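Order of the sequence lines fixes the chain letters, A, B, ..., with proteins taken first and strands second; residue numbering starts at 1 for each chain. Atom set for the values below is all heavy atoms of this structure, side chains included, hydrogens, waters and symmetry mates excluded.
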Amino acid sequence: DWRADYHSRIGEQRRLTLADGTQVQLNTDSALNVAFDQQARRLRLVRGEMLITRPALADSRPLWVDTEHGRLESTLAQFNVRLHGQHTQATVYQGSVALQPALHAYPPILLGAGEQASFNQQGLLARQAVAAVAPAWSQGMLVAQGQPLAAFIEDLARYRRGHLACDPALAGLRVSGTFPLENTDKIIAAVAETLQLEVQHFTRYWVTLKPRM
Amino acid sequence: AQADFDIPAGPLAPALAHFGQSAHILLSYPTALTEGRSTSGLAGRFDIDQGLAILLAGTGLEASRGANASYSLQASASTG
C-alpha cells in the first residue's frame, strides 16, 4: 500500500504528486491524509482546500475524496474541494464527480464540469454553474465578481494570521476584481480605496474596514 | 508588460474576471460600474494596458492607474 499525511501553513500553497501520478495542490492552512489500498485511492481532506489535477488515466481503483460530510468519487475529473465549518463545497472543471453525502449516499449526485455544489452530511445545500476553468487560488489569485464584502474578507482572512472584519453596515457591499495573493496588504488597501472605506489597524492582528467620515 | 489573451465576446463583468487572471494583475473597481455591459472580447498578445483598453471598447469605460501597481476602471474621460 502507500500512506502519507500532508499539511500547509497559513499563506502556503503546496504541490503534491501522489504515488499513482495524480497531482494535488493544497491551499492555505490545509491538511490531507492519503491512504491507497486495494479497494481505492483514498484522500481524506481534514482541513482547508485542495485541487485535484492530472488524474491518473488508468488506475483500476476509484479515487475517493472524503470529508466529514461525505464522499466525492472521481471519474477522470479535475476538481476543487473546500471544507467549511458546516459543509463541503466541490467545484468541477473537467470530467465528472459523484457526490455521496454521508447520511444519504445513494443516489449519488452527479456533478459535471462547470458545476459547483455544497453539501453536508444530510445532503445538498446549494448548487450552481461556474465559468472558471480552474480555481483562482491555484494560480495565485483571488477573483471577486460582485462578492459581498463580508464573504470576500472571510476568504481573504484564510491567507493571513490576523483577524479581518468589516463594520456590519458594509457587509453586503459588492467587491469586484482580481487580486494577486502575493501581497494581501495590497488587496486590503485596494478594496478599501475602491469602496471608499477606512482601514482601522490599531493592533497588528486586528483589521476592521469602516465607513469613511 | 504583455500577456496572451483569449477572451470571448460576452458580458463585461466575467470578461474582466478572465482578463485580470490572464494578466495576473491587481484590478479593483466598483461592481456597479461594469454590471450589464458587454465586450467584443480580446484575442491575441497585447501590452496589458492596450489589451484592457481594447476589451473596454464600446463600454463607456476606461482603465485607470495611480502610484501603486494596481488597476481600476472609470467612466471614459470627457475630451472637451
For [X], which atoms come within 4.5 Å of any heavy atom of chain B: side chain, backbone, both, or neither?
| X | result |
| --- | --- |
| A:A136 | both |
| A:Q145 | side chain |
| A:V175 | backbone |

Under a 4.0 Å threshold between the charged nitrogen and the carboxylate oxygen, would [Y] count as salt-bridged to [X]?
| X | Y | value |
| --- | --- | --- |
| A:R54 | A:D20 | no |
| A:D29 | A:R9 | no |
| A:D66 | A:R71 | yes |

*Report, by ascending residue number, the residues of residues 23-38 of chain B in heavy-atom contact with chain A at a distance under 4.5 Å; give 'none' if the set is empty.*
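Within residues 23-38 of chain B, the residues that come under 4.5 Å of chain A (heavy atoms only) are B:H24, B:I25, B:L26, B:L27, B:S28, B:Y29, B:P30, B:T31, B:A32, B:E35.
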_Audit row: A:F152, A:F179, ring-ring contact (aromatic ring centres under 6.0 Å, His included) steps and yes/no_ = CA-CA 11 Å; A:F152 180 78; A:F179 305 97; 5.2 Å; yes
*With the side chain counted from C-beta on, respond yes when A:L32 and A:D5 share a heavy-atom pair under 4.5 Å apart, and no when they do not.*
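The answer is no, as the side chains (C-beta and beyond) never meet within the 4.5 Å cut-off.
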*Decide side-chain hydrogen bond (donor to acceptor under 3.5 Å, both in side chains) for A:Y205 and A:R161; before the verdict, give the C-alpha distance in whole Å, the side-chain angles of both, and the deciding distance to 0.1 Å.*
CA-CA 7 Å; A:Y205 295 117; A:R161 176 176 282 179; 3.2 Å; yes
_Can you confirm whether A:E12 is buried at CD, in the sense that more than 12 heavy atoms of other residues, nucleotides or ligands lie under 6.0 Å from that atom?_
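Enclosed.
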*Decide if the gap between the ring center of B:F46 and the ring center of B:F19 is smaller than 6.0 angstrom.*
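No; B:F19 has its ring centre 6.0 Å or more from that of B:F46.
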_Main chain of B:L12, side chain of B:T39: is a donor-acceptor contact present, judged purely on distance under 3.5 Å?_
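No, B:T39 side chain to B:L12 backbone: no donor-acceptor pair under 3.5 Å.
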*Do A:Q25 and A:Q13 meet the criterion of a side-chain donor-acceptor pair at a distance under 3.5 Å?*
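There is no such pair between these side chains.
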*side-chain hydrogen bond (donor to acceptor under 3.5 Å, both in side chains) evaluation trace for A:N80 with A:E49*: CA-CA 7 Å; A:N80 190 84; A:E49 180 171 36; 2.9 Å; yes
*Sort by residue number and list every member of residues 183-198 of chain A having a non-hydrogen atom under 4.5 Å from chain B.*
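Against chain B, the residues of residues 183-198 of chain A that fall inside the cut-off (heavy atoms, under 4.5 Å) are A:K186, A:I187, A:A190, A:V191, A:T194.
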